[PDB]
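Undergrad: Need coordinates for the below:
(one chain, ligands or ions: 5)
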Amino acid sequence: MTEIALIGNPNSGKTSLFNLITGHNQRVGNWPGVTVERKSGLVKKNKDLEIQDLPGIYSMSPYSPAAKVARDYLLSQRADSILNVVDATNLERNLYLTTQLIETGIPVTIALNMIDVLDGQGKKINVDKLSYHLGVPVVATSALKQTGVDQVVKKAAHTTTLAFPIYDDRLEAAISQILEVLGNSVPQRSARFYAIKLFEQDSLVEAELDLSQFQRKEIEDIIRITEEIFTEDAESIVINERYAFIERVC
Ligand SMILES: Nc1nc2c(ncn2[C@@H]2O[C@H](COP(=O)(O)OP(=O)(O)O)[C@@H](O)[C@H]2O)c(=O)[nH]1
Ligand code: ALF
Ligand SMILES: [Cl-]
Ligand SMILES: [K+]
Ligand SMILES: [Mg+2]
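TA: Numbering: from 1, shown residues only. Ligands and ions are numbered 1, 2, ... in the order given. Please see the structure below:
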């Protein structure tokens, strides 16, 4: 069955969207941290789509066990579509997570939620330009006004029937080298995600993959060589490339 996962920052409106899509009445609150575990439901208008409400998350290197629930569901390879719920009033901050979601290889559809909040403040956001620069479908949504909901579910449903944010080519060289070291050690769909996290020296991914000493020695050498090329630490190279990619689109 087609699985759509609701991924987004805390308090961005994920459960609000879930309740409209499923007809459920899961807990919704005007403060972050209401949802703490996964909740499933059928799309009321297409009973062939199953959608998953998940706790808020800021980064695929999560800062909390609740957020790690959302990361673990994505990396369990059970989701066919990521419905990325983006707080339209906090575009830049939300898009940092969005870049990592795209790298997972699971097709991403953006629900630009709380668009009524932006409307009241007289602010505009060209969805077509944002979609063009991110490489994913984008739909302005409002769970309060109940606008755009059915539309974003259809496009998420159809991404399941991929262009990654391409960073500095010096970093892309290292990513390709780490990919060839990984081989089939990771699911092919999410190979780029694991390669980047390994470059970031992410502790979660390192503990999860359990690579051989032969693999780890080369990855370390790739990181060190690339760090010398950038004259910057590995973790900061990726963070700077994510934000630099965002500013070109925002
Ligand atoms: N104005 C406006 N408020 C919203 C929208 N979506 C959600 N909210 C409000 O934001 C708060 C948090 O929503 P919630 O569903 O709990 O977000 P979640 O934490 O990601 O699940 C609730 O008080 C909602 O009423 C929207 O599109 N527009
Ligand atoms: F902050 Al929440 F579900 F309560 F993402
Ligand atoms: Cl987080
Ligand atoms: K909330
Ligand atoms: Mg919630």
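Undergrad: In the longest helix along the chain, which of the residues would be classed as buried?
TA: Criterion DSSP state H: the longest helix present in the chain is helix 213-230. For helix 213-230, burial by neighbour count (16 or more other Cβ atoms under 10 Å) applies to 215, 218, 219, 222, 223, 226, 227, 230. Bear in mind the C-beta positions are built from the backbone N, C-alpha and C, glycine included.
Undergrad: residues contacting whichever residue of the chain sits closest to ligand 2?
TA: Using Cβ to the nearest ligand atom, the point where the chain gets nearest to ligand 2 is residue 56, with a distance of 2.6 Å. In this structure, residue 56 makes contact with 8, 9, 10, 11, 12, 14, 32, 33, 35, 66, 67, 70, judged by Cβ atoms under 8 Å, 6 or more residues apart in numbering.
Undergrad: and which of those is nearest ligand 5?
TA: When the contacts of residue 56 are ranked by distance to ligand 5 (Cβ to the ion), residue 35 comes first, at 2.9 Å.
Undergrad: quick one on the thing from earlier: got a markdown table for the buried residues of helix 213-230, with distance to ligand 1 too?
TA: As requested, the buried residues of helix 213-230 are exported to a markdown table (distance: Cβ to the nearest ligand atom, whole Å):
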| residue | distance to ligand 1 |
| --- | --- |
| 215 | 37 |
| 218 | 40 |
| 219 | 35 |
| 222 | 37 |
| 223 | 35 |
| 226 | 36 |
| 227 | 36 |
| 230 | 35 |
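Undergrad: List just the nearest of these to residue 102.
TA: Closest approach between those and residue 102, by Cβ to Cβ: residue 226, at 21.4 Å.
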